[PDB]
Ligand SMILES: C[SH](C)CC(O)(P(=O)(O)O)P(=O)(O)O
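Just one chain follows, in the form deposited without this ligand, and it is written as structure tokens.
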């Protein structure tokens, strides 16, 4: 029922957007089918964890507070696709980062994908009291993410910034807000229970879960072989401010730092291997286990303060945490 309802609303949303282009923007059939294909390509095929989290938060708060149920569940599905379309937008912008009409069209796709989040919200929520508050929180998180991307992309320019506090600054702004905080908040807004939750504990839980997720992602990026990871690990070659790099630099010897600094940020297979060798000598995959355990305990503790005053909200945050854990 969750995933099948999510896809049914996707069809309903795509139909509205495409017909709006045809009826109001004078779009010809050829371009409408092109945008249908582009929309399907960029928005489908993932796991929908962000979008399904909105649904899971909504179903809890209506059962643990008949016609209002159908409306709140449908809104949740629309909110979930807003975040999924937002995610599509970011991925397209990341592809560009890696008279050419294919680049013109990718740029155009990125803009349309973002605009579609506004168009679908201005339609399906036109008569909701929360439309303005929803758009403002959504836009604020999107800005947050663009700021986190700036931090990420410049973290090796101005190793001074290879610190744990700065790594958390990147993770929180670049990933945690739109991936963990925004799905929860949007489920609260469609359930009209926004002021009934402690946003401090909720923000802290989202920051922690995104941190937990990003550290595991950083370690897998370096040690998981390409065919099992789903991609080729690129953090070392790209000089990324990863959890491994910042943890290494704090426990490395002076000449190990010299060997790291001379090898980091290169595509040469042997220097990349030298970095992997350095990481293993420092027992970083052992520190990784301990670090995730500590965060996992901090997550396990903060969920209980949340349930003291917001019981039903907490079960979905546990469901979301299990998707990460």
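Residue numbers count along the first chain shown, from 1. Think of the rigid core as the biggest set of C-alphas that the two forms share within 1.5 Å after superposition.
There is another form of the same protein, the form deposited with this ligand bound; it is not shown, and what comes next is about it.
Using a 2.4 Å cut-off against backbone and C-beta atoms, this ligand, superposed onto this form from its pose in the deposited bound form, places no atom that close, and the site is open.
For the candidate spot formed by 90, 174 and 178, every residue has a non-hydrogen atom within 4.5 angstroms of this ligand in the deposited bound form. Though the partner is left out of this view, residue 214 does reach within 4.5 Å of this ligand in the deposited bound form, counting heavy atoms only.
This ligand in the deposited bound form is not approached by residue 198, whose heavy atoms all lie more than 4.5 angstroms from it. With a 4.5 Å cutoff on heavy atoms, residue 98 counts as touching this ligand in the deposited bound form. Proximity of residue 251 to this ligand in the deposited bound form falls outside the 4.5 Å heavy atom cutoff. Comparing 251 to 259, 69 to 77, 214 to 222, 124 to 132 against this ligand in the deposited bound form, the single stretch with non-hydrogen atoms within 4.5 angstroms of it is 214 to 222. Candidate set 122, 150, 229, 136; criterion, C-alpha shift of 2 Å or more between the shown form and the other one after rigid-core fit; matching residue, 229. The rigid-core alignment places the CA of residue 297 less than 2 Å apart between the shown form and the other one.
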